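Engineer: Dropping in query.cif, which is mmCIF, C-alpha atoms and all ligand atoms:
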data_data
loop_
_atom_site.label_atom_id
_atom_site.label_comp_id
_atom_site.auth_asym_id
_atom_site.auth_seq_id
_atom_site.Cartn_x
_atom_site.Cartn_y
_atom_site.Cartn_z
CA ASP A 1 0.00 0.00 0.00
CA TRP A 2 2.84 2.41 1.02
CA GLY A 3 5.73 2.64 -1.49
CA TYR A 4 8.19 5.09 -3.09
CA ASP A 5 6.02 6.31 -6.08
CA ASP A 6 4.51 9.87 -6.04
CA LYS A 7 1.05 8.74 -4.68
CA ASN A 8 2.21 6.27 -1.90
CA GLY A 9 5.78 7.61 -1.27
CA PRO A 10 7.71 9.24 1.61
CA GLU A 11 5.83 12.61 1.35
CA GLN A 12 2.45 10.71 1.90
CA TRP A 13 3.53 8.22 4.66
CA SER A 14 2.40 10.69 7.44
CA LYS A 15 -1.34 9.95 6.52
CA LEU A 16 -1.41 6.39 8.01
CA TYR A 17 1.96 6.67 9.95
CA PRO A 18 1.92 10.07 11.75
CA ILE A 19 5.25 9.15 13.47
CA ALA A 20 6.72 10.10 9.98
CA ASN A 21 6.69 13.69 11.37
CA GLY A 22 8.20 12.64 14.77
CA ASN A 23 11.34 13.83 16.62
CA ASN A 24 13.52 10.65 16.03
CA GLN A 25 13.01 10.01 12.29
CA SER A 26 15.70 8.53 10.00
CA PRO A 27 17.66 8.92 7.91
CA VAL A 28 19.58 12.13 8.65
CA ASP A 29 22.32 14.30 7.15
CA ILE A 30 25.41 13.83 9.37
CA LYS A 31 27.05 17.29 9.65
CA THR A 32 30.62 16.41 10.80
CA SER A 33 31.25 19.91 12.35
CA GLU A 34 28.23 19.24 14.69
CA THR A 35 29.14 15.60 15.77
CA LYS A 36 30.32 15.12 19.40
CA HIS A 37 33.29 12.74 19.96
CA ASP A 38 32.20 10.35 22.77
CA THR A 39 35.09 8.77 24.79
CA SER A 40 32.74 6.08 26.32
CA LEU A 41 31.84 4.49 22.89
CA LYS A 42 33.44 1.03 22.66
CA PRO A 43 34.49 -0.61 19.38
CA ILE A 44 31.66 -2.34 17.41
CA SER A 45 31.97 -6.17 17.68
CA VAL A 46 30.08 -8.29 15.10
CA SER A 47 30.21 -12.09 15.33
CA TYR A 48 27.93 -13.70 12.72
CA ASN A 49 27.55 -17.44 12.07
CA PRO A 50 27.09 -18.15 8.29
CA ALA A 51 24.69 -21.03 9.19
CA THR A 52 22.09 -18.42 10.43
CA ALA A 53 21.53 -17.21 6.79
CA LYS A 54 17.99 -18.42 5.82
CA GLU A 55 16.13 -16.86 2.89
CA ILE A 56 16.17 -14.10 0.24
CA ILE A 57 12.76 -12.48 -0.45
CA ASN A 58 11.44 -9.99 -3.05
CA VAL A 59 9.19 -7.78 -0.85
CA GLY A 60 8.02 -5.51 -3.75
CA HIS A 61 9.83 -2.25 -2.68
CA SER A 62 13.13 -4.05 -1.93
CA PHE A 63 14.64 -7.49 -1.27
CA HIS A 64 15.54 -8.87 2.14
CA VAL A 65 18.01 -11.47 3.31
CA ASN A 66 16.61 -13.00 6.54
CA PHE A 67 18.53 -14.86 9.28
CA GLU A 68 17.44 -17.47 11.78
CA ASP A 69 17.17 -15.56 15.08
CA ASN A 70 16.23 -18.32 17.61
CA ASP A 71 19.55 -17.90 19.52
CA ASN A 72 22.77 -15.82 19.89
CA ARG A 73 24.74 -17.44 17.00
CA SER A 74 24.90 -14.02 15.22
CA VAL A 75 25.26 -10.94 17.44
CA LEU A 76 26.31 -7.27 17.52
CA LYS A 77 27.91 -5.87 20.76
CA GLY A 78 29.99 -2.84 21.86
CA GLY A 79 29.62 0.68 20.36
CA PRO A 80 26.97 2.46 22.50
CA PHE A 81 25.35 -0.85 23.69
CA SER A 82 25.38 -2.66 27.07
CA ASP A 83 23.08 -5.33 25.54
CA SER A 84 23.80 -7.95 22.83
CA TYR A 85 21.73 -7.51 19.62
CA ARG A 86 20.73 -10.52 17.46
CA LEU A 87 21.10 -10.32 13.64
CA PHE A 88 17.81 -10.79 11.75
CA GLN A 89 18.16 -9.22 8.28
CA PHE A 90 20.21 -7.23 5.81
CA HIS A 91 19.00 -5.25 2.82
CA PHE A 92 19.98 -2.32 0.61
CA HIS A 93 18.55 0.96 -0.56
CA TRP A 94 19.42 2.52 -3.91
CA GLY A 95 18.42 5.42 -6.18
CA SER A 96 17.14 5.82 -9.79
CA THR A 97 20.70 6.95 -10.85
CA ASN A 98 24.26 6.80 -9.41
CA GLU A 99 23.81 10.46 -8.21
CA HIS A 100 21.58 9.47 -5.16
CA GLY A 101 20.49 6.24 -3.54
CA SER A 102 21.87 6.32 0.01
CA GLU A 103 19.46 7.15 2.87
CA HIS A 104 22.02 8.75 5.21
CA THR A 105 24.14 11.62 3.81
CA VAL A 106 27.44 13.02 5.21
CA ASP A 107 27.95 16.81 4.99
CA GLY A 108 25.11 16.76 2.36
CA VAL A 109 26.90 14.24 0.12
CA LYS A 110 24.56 11.57 -1.37
CA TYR A 111 26.01 8.11 -2.10
CA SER A 112 24.69 5.60 -4.69
CA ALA A 113 23.30 3.03 -2.20
CA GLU A 114 23.29 1.95 1.45
CA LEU A 115 23.53 -1.42 3.24
CA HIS A 116 21.44 -1.94 6.43
CA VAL A 117 22.32 -4.85 8.79
CA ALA A 118 19.43 -5.03 11.32
CA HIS A 119 19.46 -6.56 14.84
CA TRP A 120 17.04 -6.77 17.81
CA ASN A 121 17.70 -6.58 21.57
CA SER A 122 17.61 -10.24 22.74
CA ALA A 123 19.06 -9.18 26.18
CA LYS A 124 15.81 -7.34 27.05
CA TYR A 125 13.12 -8.85 24.73
CA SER A 126 12.20 -12.41 23.71
CA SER A 127 11.23 -11.69 20.05
CA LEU A 128 11.69 -9.23 17.17
CA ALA A 129 7.89 -8.53 17.46
CA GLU A 130 8.38 -7.42 21.15
CA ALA A 131 11.64 -5.47 20.43
CA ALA A 132 10.54 -3.59 17.22
CA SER A 133 8.40 -0.86 18.93
CA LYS A 134 10.76 -0.25 21.96
CA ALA A 135 13.20 2.73 22.09
CA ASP A 136 16.15 0.35 22.78
CA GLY A 137 14.71 -2.49 20.62
CA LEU A 138 16.63 -2.30 17.30
CA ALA A 139 20.24 -1.69 16.16
CA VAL A 140 20.96 -1.11 12.45
CA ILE A 141 24.45 -0.74 10.94
CA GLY A 142 24.42 1.46 7.84
CA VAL A 143 27.23 1.43 5.27
CA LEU A 144 27.32 4.06 2.55
CA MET A 145 27.98 2.55 -0.88
CA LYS A 146 30.12 4.70 -3.25
CA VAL A 147 29.84 4.03 -6.99
CA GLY A 148 33.22 2.83 -8.37
CA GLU A 149 34.94 -0.60 -8.63
CA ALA A 150 32.74 -3.78 -8.65
CA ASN A 151 32.46 -5.20 -5.08
CA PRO A 152 33.16 -8.98 -5.26
CA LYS A 153 31.72 -9.46 -1.68
CA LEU A 154 28.26 -8.71 -3.21
CA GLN A 155 28.58 -11.74 -5.61
CA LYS A 156 26.43 -14.30 -3.72
CA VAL A 157 23.71 -11.63 -3.12
CA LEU A 158 23.65 -10.43 -6.77
CA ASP A 159 23.82 -14.07 -8.11
CA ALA A 160 20.67 -14.86 -6.00
CA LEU A 161 18.41 -12.09 -7.49
CA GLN A 162 17.63 -14.03 -10.77
CA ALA A 163 15.54 -16.49 -8.59
CA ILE A 164 13.45 -13.75 -6.85
CA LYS A 165 12.82 -11.44 -9.83
CA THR A 166 9.15 -10.64 -8.99
CA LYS A 167 7.28 -9.65 -5.83
CA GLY A 168 6.70 -12.46 -3.32
CA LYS A 169 9.35 -14.83 -4.79
CA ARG A 170 11.75 -16.23 -2.22
CA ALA A 171 14.59 -18.78 -2.15
CA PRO A 172 16.92 -20.39 0.35
CA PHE A 173 20.02 -18.23 0.97
CA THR A 174 22.46 -20.05 3.21
CA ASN A 175 26.02 -20.17 4.51
CA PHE A 176 26.63 -16.38 4.37
CA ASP A 177 28.34 -14.08 6.92
CA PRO A 178 27.25 -10.43 6.16
CA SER A 179 30.18 -9.03 8.25
CA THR A 180 32.13 -9.72 4.95
CA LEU A 181 30.18 -6.74 3.46
CA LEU A 182 31.37 -4.31 6.19
CA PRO A 183 34.30 -1.89 5.59
CA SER A 184 37.80 -2.59 7.09
CA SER A 185 37.35 0.31 9.62
CA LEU A 186 34.29 0.08 11.95
CA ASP A 187 34.79 3.74 13.02
CA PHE A 188 31.20 5.00 13.32
CA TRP A 189 28.61 7.63 14.10
CA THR A 190 25.59 6.80 16.27
CA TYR A 191 22.25 8.58 16.84
CA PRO A 192 18.78 7.58 18.09
CA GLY A 193 16.35 7.21 15.17
CA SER A 194 13.75 5.14 13.40
CA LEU A 195 13.01 2.56 10.71
CA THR A 196 13.41 4.44 7.40
CA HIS A 197 10.05 3.10 6.03
CA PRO A 198 6.67 2.17 7.48
CA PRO A 199 5.98 1.50 10.16
CA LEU A 200 8.78 4.08 10.94
CA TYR A 201 9.06 3.05 14.66
CA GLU A 202 11.50 5.27 16.67
CA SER A 203 13.16 2.05 17.96
CA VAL A 204 16.57 2.19 16.12
CA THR A 205 20.05 2.96 17.44
CA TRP A 206 21.89 3.73 14.18
CA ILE A 207 25.55 2.81 13.66
CA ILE A 208 26.76 4.59 10.52
CA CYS A 209 30.20 3.53 9.25
CA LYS A 210 32.69 6.34 8.43
CA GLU A 211 34.32 4.22 5.63
CA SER A 212 32.22 3.55 2.49
CA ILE A 213 32.21 0.27 0.51
CA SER A 214 32.28 0.11 -3.29
CA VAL A 215 29.59 -0.89 -5.80
CA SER A 216 29.82 -0.70 -9.63
CA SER A 217 27.28 1.08 -11.93
CA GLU A 218 26.37 -2.44 -13.25
CA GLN A 219 25.89 -3.91 -9.72
CA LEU A 220 23.43 -1.01 -9.01
CA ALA A 221 21.69 -1.83 -12.37
CA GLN A 222 21.08 -5.40 -10.97
CA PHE A 223 19.21 -3.93 -7.93
CA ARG A 224 17.15 -1.62 -10.26
CA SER A 225 16.28 -4.59 -12.57
CA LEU A 226 14.39 -6.31 -9.68
CA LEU A 227 10.63 -6.15 -10.38
CA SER A 228 8.02 -4.71 -7.96
CA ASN A 229 5.12 -6.48 -9.80
CA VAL A 230 3.98 -10.12 -9.31
CA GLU A 231 4.83 -12.63 -12.05
CA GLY A 232 2.66 -12.32 -15.19
CA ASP A 233 1.88 -8.59 -14.61
CA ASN A 234 3.65 -5.94 -16.75
CA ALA A 235 7.21 -5.41 -15.51
CA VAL A 236 7.73 -2.44 -13.07
CA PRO A 237 11.47 -2.10 -12.25
CA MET A 238 12.46 -1.31 -8.58
CA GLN A 239 14.10 2.00 -9.62
CA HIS A 240 14.53 3.56 -6.06
CA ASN A 241 13.68 2.98 -2.32
CA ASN A 242 15.63 5.72 -0.43
CA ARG A 243 13.83 8.00 1.99
CA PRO A 244 14.98 11.62 2.10
CA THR A 245 16.89 12.90 5.22
CA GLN A 246 14.71 14.07 8.12
CA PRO A 247 15.22 16.86 10.64
CA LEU A 248 17.50 16.12 13.67
CA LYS A 249 15.08 18.06 15.96
CA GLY A 250 17.90 18.58 18.54
CA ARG A 251 19.37 15.04 18.48
CA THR A 252 23.16 14.70 18.83
CA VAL A 253 25.15 12.51 16.38
CA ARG A 254 28.09 10.99 18.36
CA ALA A 255 31.42 9.99 16.74
CA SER A 256 33.54 6.97 17.88
CA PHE A 257 36.54 8.73 16.24
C1 LIG B 1 3.89 -4.96 9.31
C2 LIG B 1 5.18 -4.71 10.05
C3 LIG B 1 5.22 -4.71 11.44
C4 LIG B 1 6.39 -4.46 12.13
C5 LIG B 1 7.56 -4.20 11.43
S1 LIG B 1 9.00 -3.83 12.37
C6 LIG B 1 9.86 -5.43 12.33
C7 LIG B 1 10.59 -5.62 11.00
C8 LIG B 1 11.67 -4.59 10.79
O1 LIG B 1 12.32 -4.09 11.69
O2 LIG B 1 11.87 -4.26 9.48
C9 LIG B 1 12.81 -3.24 9.21
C10 LIG B 1 14.13 -3.27 9.67
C11 LIG B 1 15.01 -2.27 9.31
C12 LIG B 1 14.57 -1.23 8.49
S2 LIG B 1 15.68 0.08 8.10
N1 LIG B 1 15.52 0.45 6.60
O3 LIG B 1 17.03 -0.48 8.23
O4 LIG B 1 15.30 1.19 8.97
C13 LIG B 1 13.26 -1.20 8.03
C14 LIG B 1 12.38 -2.21 8.39
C15 LIG B 1 7.55 -4.20 10.04
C16 LIG B 1 6.37 -4.45 9.36
ZN ZN B 2 16.88 -0.06 5.34
#
Please lay out the structure from this file as structure tokens.

Structural biologist:
Amino acid sequence: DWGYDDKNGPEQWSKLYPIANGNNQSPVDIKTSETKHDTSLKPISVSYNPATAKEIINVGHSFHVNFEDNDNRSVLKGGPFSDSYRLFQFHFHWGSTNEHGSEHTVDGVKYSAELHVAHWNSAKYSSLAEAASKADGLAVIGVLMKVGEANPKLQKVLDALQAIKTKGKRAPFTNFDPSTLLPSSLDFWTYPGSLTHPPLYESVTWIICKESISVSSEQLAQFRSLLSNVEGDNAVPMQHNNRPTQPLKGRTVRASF
């Protein structure tokens, strides 16, 4: 029902999701002259088990890679967190051209895409459903993707898209550690925010990597060739799924560096 087209897009989400106009909405423009270095931030620690990788799904507006989350095989710790967060999913956002596509921006610069690695607070809550609406419920790592050299670490993900071309298609997607997609440096910014699409819950502690990762023009073309329509309908390419940046409304972006 909600989407990214003119009628059902970001500008219209506030009609059924009034939190769209809230005080902790994501994404944001990170102004580096306004970040506050925080001495208490610990290094980010990711430990993911490739056997937790489950399924790749065409969800119409995007594609998701889902992980088994019945236990602490795949966790995020450190950074601003006291709690351990359990991996559940990673996905991407992209734009209609190389010029835009990231959700977060840095000093107003727009990258070509962004990787989200999402986790839920299994220290406090017993399920993703319980965690998702809680202020301390979710932790998402964002990595800005800069158009340039082809990124070989995307190969398994890109190779899998031919089997989920249309909306609702899904396939097994196994034996994959998404920490291989992260940049060498885990230097980061953090700020309290939200899911970047409906239902836009203000439940996310964002970890934005300072270092970008690469993606080629042709790798981005593979994302944009995914189809939003169900099989047999006329083809409607997934051209974009990035939400514009939202007002900080007095929030502080902290730097680990
Ligand atoms: C109908 C319904 C009800 C609850 C939710 S909430 C749990 C899934 C979630 O958390 O899904 C997302 C995770 C990360 C991001 S993002 N782009 O990284 O902010 C978005 C959705 C979703 C749909
Ligand atoms: Zn996302």

Engineer: Residues at most 7 Å from residue 172 (chain A), counting all atoms listed in the file, excluding those fewer than 6 positions away in the same chain, as a VMD selection string?

Structural biologist: chain A and resid 54 to 56

Engineer: When the cut-off is 6 Å and you count all atoms listed in the file, which residues lie near ligand LIG 1 (chain B), shown as a PyMOL selection string?

Structural biologist: chain A and resi 116+118+132+140+195-197+199

Engineer: Output the selection as a PDB file, keeping the file's coordinate frame - C-alpha atoms for each residue.

Structural biologist:
ATOM      1  CA  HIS A 116      21.440  -1.940   6.430  1.00  0.00           C
ATOM      2  CA  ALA A 118      19.430  -5.030  11.320  1.00  0.00           C
ATOM      3  CA  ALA A 132      10.540  -3.590  17.220  1.00  0.00           C
ATOM      4  CA  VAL A 140      20.960  -1.110  12.450  1.00  0.00           C
ATOM      5  CA  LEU A 195      13.010   2.560  10.710  1.00  0.00           C
ATOM      6  CA  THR A 196      13.410   4.440   7.400  1.00  0.00           C
ATOM      7  CA  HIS A 197      10.050   3.100   6.030  1.00  0.00           C
ATOM      8  CA  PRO A 199       5.980   1.500  10.160  1.00  0.00           C
TER       9      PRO A 199
END

Engineer: Enumerate residues in contact with ligand ZN 2 (chain B): an atom-to-atom distance of at most 10 Å, counting all atoms listed in the file. Format the result as a PyMOL selection string.

Structural biologist: chain A and resi 26-27+62+64+89-94+102-103+114-118+140-142+195-197+241-243

Engineer: Need to verify the contact set: residue 126 (chain A), 12 Å, only C-alpha atoms, exclusion of same-chain residues closer than 6 positions in sequence. Can you return it as a list in words?

Structural biologist: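 So, after excluding close chain neighbours, the residues are residues 69, 70, 71, 72, 85, 86, 120, 132 and 137 of chain A.
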
Engineer: For region 70-177 of chain A versus region 212-219 of chain A, which residues have an atom no more than 9 Å away, and what is each residue's nearest atom pair and distance in Å rounded to one decimal, using all atoms listed in the file, chain-then-number order, as a tab-separated table?

Structural biologist:
residue	atom	partner	partner_atom	distance
A:97	CA	A:217	CA	8.9
A:98	CA	A:217	CA	6.9
A:111	CA	A:212	CA	9.0
A:112	CA	A:215	CA	8.2
A:113	CA	A:215	CA	8.2
A:143	CA	A:212	CA	6.1
A:144	CA	A:212	CA	4.9
A:145	CA	A:213	CA	5.0
A:146	CA	A:214	CA	5.1
A:147	CA	A:215	CA	5.1
A:148	CA	A:216	CA	5.1
A:149	CA	A:216	CA	5.2
A:150	CA	A:216	CA	4.4
A:151	CA	A:215	CA	5.2
A:152	CA	A:215	CA	8.9
A:154	CA	A:215	CA	8.3
A:158	CA	A:219	CA	7.5

Engineer: Expressed in Å to a single decimal, how great is the separation between CA of residue 198 (chain A) and CA of residue 31 (chain A)?

Structural biologist: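 These atoms are spaced 25.5 Å apart.
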
Engineer: Which is closest to residue 221 (chain A) among A:209, A:161, A:139, A:46, if we use all atoms listed in the file?

Structural biologist: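 Closest residue, counting all atoms listed in the file: A:161.
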
Engineer: Write out N, CA, C and O atoms for region 111-128 of chain A, as a CSV table (one decimal), keeping the file's coordinate frame.

Structural biologist:
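Writing the result to rebuild.csv gives the following:
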chain,number,residue,atom,x,y,z
A,111,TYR,N,25.4,9.3,-1.4
A,111,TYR,CA,26.0,8.1,-2.1
A,111,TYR,C,25.0,7.4,-3.0
A,111,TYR,O,23.8,7.7,-3.0
A,112,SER,N,25.5,6.3,-3.7
A,112,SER,CA,24.7,5.6,-4.7
A,112,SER,C,23.8,4.5,-4.1
A,112,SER,O,22.8,4.1,-4.7
A,113,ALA,N,24.1,4.0,-2.9
A,113,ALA,CA,23.3,3.0,-2.2
A,113,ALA,C,23.7,3.0,-0.7
A,113,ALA,O,24.7,3.6,-0.3
A,114,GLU,N,23.0,2.1,0.0
A,114,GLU,CA,23.3,2.0,1.4
A,114,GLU,C,22.9,0.5,1.8
A,114,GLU,O,21.8,0.1,1.4
A,115,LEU,N,23.8,-0.1,2.6
A,115,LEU,CA,23.5,-1.4,3.2
A,115,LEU,C,23.1,-1.2,4.7
A,115,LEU,O,23.7,-0.5,5.4
A,116,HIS,N,22.0,-1.9,5.1
A,116,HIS,CA,21.4,-1.9,6.4
A,116,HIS,C,21.6,-3.4,6.9
A,116,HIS,O,21.0,-4.3,6.3
A,117,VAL,N,22.2,-3.5,8.1
A,117,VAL,CA,22.3,-4.8,8.8
A,117,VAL,C,21.5,-4.6,10.1
A,117,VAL,O,22.0,-3.8,11.0
A,118,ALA,N,20.4,-5.3,10.2
A,118,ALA,CA,19.4,-5.0,11.3
A,118,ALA,C,19.5,-6.1,12.4
A,118,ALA,O,19.6,-7.3,12.1
A,119,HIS,N,19.3,-5.7,13.6
A,119,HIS,CA,19.5,-6.6,14.8
A,119,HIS,C,18.4,-6.2,15.8
A,119,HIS,O,18.0,-5.0,15.8
A,120,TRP,N,18.0,-7.1,16.7
A,120,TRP,CA,17.0,-6.8,17.8
A,120,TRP,C,17.6,-7.2,19.2
A,120,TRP,O,18.5,-8.1,19.2
A,121,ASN,N,17.2,-6.5,20.2
A,121,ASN,CA,17.7,-6.6,21.6
A,121,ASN,C,17.1,-7.8,22.2
A,121,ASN,O,16.1,-7.8,22.9
A,122,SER,N,17.9,-8.9,22.1
A,122,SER,CA,17.6,-10.2,22.7
A,122,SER,C,18.1,-10.3,24.2
A,122,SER,O,17.7,-11.3,24.9
A,123,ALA,N,18.7,-9.3,24.7
A,123,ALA,CA,19.1,-9.2,26.2
A,123,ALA,C,17.8,-8.8,26.9
A,123,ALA,O,17.5,-9.3,28.0
A,124,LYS,N,17.0,-7.9,26.3
A,124,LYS,CA,15.8,-7.3,27.0
A,124,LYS,C,14.5,-8.0,26.6
A,124,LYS,O,13.6,-8.1,27.4
A,125,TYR,N,14.4,-8.5,25.4
A,125,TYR,CA,13.1,-8.8,24.7
A,125,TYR,C,13.3,-10.3,24.2
A,125,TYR,O,14.4,-10.7,24.0
A,126,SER,N,12.1,-11.0,24.1
A,126,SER,CA,12.2,-12.4,23.7
A,126,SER,C,11.9,-12.6,22.2
A,126,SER,O,12.0,-13.7,21.7
A,127,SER,N,11.5,-11.6,21.5
A,127,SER,CA,11.2,-11.7,20.0
A,127,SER,C,11.4,-10.3,19.3
A,127,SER,O,11.4,-9.3,20.0
A,128,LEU,N,11.7,-10.4,18.0
A,128,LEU,CA,11.7,-9.2,17.2
A,128,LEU,C,10.4,-8.5,17.3
A,128,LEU,O,10.4,-7.2,17.5
